[PDB]
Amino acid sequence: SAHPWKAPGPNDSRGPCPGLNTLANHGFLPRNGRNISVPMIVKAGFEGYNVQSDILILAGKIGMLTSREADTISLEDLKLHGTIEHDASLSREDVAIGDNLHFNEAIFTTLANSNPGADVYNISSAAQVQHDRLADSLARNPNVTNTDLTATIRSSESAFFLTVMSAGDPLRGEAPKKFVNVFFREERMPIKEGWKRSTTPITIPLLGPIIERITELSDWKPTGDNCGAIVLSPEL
């Protein structure tokens, strides 16, 4: 145990991402959530989850745009709405109507109740969850943003939790609820529950067919202009 879970203190920076928060809570990233570069993310995601540099370099550099520093962020910076952070999250509220940063059990209810009768979440349950979370945002949020880009990011995130928290073969696109629930609710690797780091590297080619299938099953259409413009920096 060079990497025990410790609950974050009130001054440790944490963001809207359970993947990065969990790595910080285990000391793979700095426990203070500060001064985190793309090379640090690449190493931490590799050591923690066997996630490879292809997706971590791509996502990491987009995430860097959310801070004012030359080559690092604080995890909380990633909450910046419209860079990566988006409406119809699995476990956070939409920023126009709530808190887009912290885990929120009420929001998480959709995911937690999904795939009724099974002990795993899987590609079809993820797609249904996405459909129902988006419908919620569309019903309740007058400023909802829902575009090809946010839809792809959302499927990427579902594919992330299905593969990183799997019971050992991430190709299957399924993960025990008991692992995924601990991941979201505690931002802890569920080691005592029996989870282990994937022995298969999790790469863009591995994720891509999972992402596409989730989208396909999600009965999705875009909203409004459908323009994939992102926010390129914090307020100037």
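When you see a residue number, it is the position in the sequence shown, counting from 1.
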Entry B factor averaged over C-alpha atoms, 226-234 against 1-9: higher for 1-9
Of 17-25 and 215-223, the stretch with the higher mean C-alpha B-factor in the deposited entry is 215-223
Scanning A126, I97, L78, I153 for peak Cα temperature factor in the entry gives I97
Top Cα B-factor in this entry, restricted to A159, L101, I73, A118, sits on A118
In terms of its chain's C-alpha B-factors, the third that includes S89 is the lowest
The third of the chain into which the C-alpha temperature factor of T109 falls is the middle
Of the three thirds of the chain ranked by Cα temperature factor, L58 occupies the middle
Assert third(CA B-factor, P205) within chain per record equals middle
So, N143's CA B-factor, relative to its chain, sits in which third? The highest
